[PDB]
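> Sequence, then the experimental structure. Questions to follow.
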Amino acid sequence: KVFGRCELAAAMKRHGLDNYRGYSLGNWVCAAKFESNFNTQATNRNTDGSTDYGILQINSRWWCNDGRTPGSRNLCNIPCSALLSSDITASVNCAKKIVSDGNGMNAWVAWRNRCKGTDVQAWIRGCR
Ligand SMILES: [Cl-]
Ligand SMILES: [Cl-]
Ligand SMILES: [Cl-]
Ligand SMILES: [Cl-]
Ligand SMILES: [Cl-]
Ligand SMILES: [Cl-]
Ligand SMILES: [Cl-]
Ligand SMILES: [Cl-]
Ligand SMILES: [Cl-]
Ligand SMILES: [Cl-]
Ligand SMILES: [Cl-]
Ligand SMILES: [Cl-]
Ligand SMILES: [Cl-]
Ligand SMILES: [Cl-]
Ligand SMILES: [Eu+2]
Ligand SMILES: [Eu+2]
Ligand code: NA
């Protein structure tokens, strides 16, 4: 599923991402934009051979099992394929663990590089 901007914002908010670990809603929407362009079906290989899955591009090196990432952990106890669902419940639940891991949203390199320090509130501009 490709989410609308305000649609995804509404969904993330309902799942409790709004100011989760102090990260306001726009931070989360902004991250999704540059990780997946709002597409729950997005997958991308990383150089280390792990794969990123879903709206928030959650890595198979640590967070989910895809069965082809050697020496990896499945810390959200979930098959990676479940992060591609049009229901973002699993991604959001997993993202809460990731963001709580110590470095906050810096875990998403694209967030640090493209969202951090910017006017992220614009990402929820006009949404109810
Ligand atoms: Cl957009
Ligand atoms: Cl990740
Ligand atoms: Cl694996
Ligand atoms: Cl393969
Ligand atoms: Cl290896
Ligand atoms: Cl594990
Ligand atoms: Cl599995
Ligand atoms: Cl949803
Ligand atoms: Cl933090
Ligand atoms: Cl990670
Ligand atoms: Cl990441
Ligand atoms: Cl800005
Ligand atoms: Cl801006
Ligand atoms: Cl915001
Ligand atoms: Eu990646
Ligand atoms: Eu760690
Ligand atoms: Na894994």
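That came in fine, so what should we check first? Numbering: from 1, shown residues only. Ligands and ions are numbered 1, 2, ... in the order given.
> quick one, strands of the protein?
Remark: strands assigned in the chain by DSSP state E are 43-45, 51-53, 58-59.
> and the first one, anywhere near ligand 2?
I take that to be strand 43-45. No. Strand 43-45 is not in contact with ligand 2 by CB under 5 Å from the ion; minimum separation 11.2 Å. (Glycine included, C-beta is placed from N, CA and C.)
> related to what we said a few turns ago, in a markdown table, list the strands of the chain along with mean neighbour count.
A markdown table is the format used below for the strands of the chain (neighbours: other CB atoms under 10 Å):
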| stretch | mean neighbour count |
| --- | --- |
| strand 43-45 | 12 |
| strand 51-53 | 23 |
| strand 58-59 | 24 |
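> How about the residue in the chain that ligand 3 sits nearest to: what's its closest non-neighbour residue?
Residue nearest to ligand 3 within the chain: residue 69 (4.2 Å; CB to the ion). The shortest distance from residue 69 to any residue other than its chain neighbours is 4.3 Å, reached at residue 60 (CB to CB, 6 or more residues apart in numbering).
> Please report phi then psi for that neighbour.
phi -80, psi -10 (degrees, to the nearest 10).
> mind checking how far it is from residue 45?
Look at residue 60 and residue 45: by CB to CB, to the nearest Å, they are 10 Å apart.
> picking up where we left off before, ok, which of the strands of the chain comes nearest residue 84?
Across the strands of the chain, residue 84 has its closest neighbour in strand 51-53 (6.1 Å, CB to CB).
> touching ligand 3 at all, the closest one?
No. Using CB under 5 Å from the ion, strand 51-53 stays clear of ligand 3, coming no nearer than 9.7 Å.
> residues near the closest residue to residue 10 other than its chain neighbours, how many?
Distance criterion CB to CB, 6+ apart; nearest residue to residue 10, sequence neighbours excluded, is residue 127 at 6.9 Å. Using other CB atoms under 10 Å, residue 127 has 16 neighbouring residues.
> There's contact between residue 127 and residue 8 in this structure, I believe.
No. If you go by CB atoms under 8 Å, residue 127 and residue 8 don't touch, sitting 9.5 Å apart.
> related to what we said a few turns ago, mind listing what the residue nearest to residue 69 touches?
By CB atoms under 8 Å, 6 or more residues apart in numbering, the residues touching residue 60 are 50-53, 66, 68-69, 72, 80.
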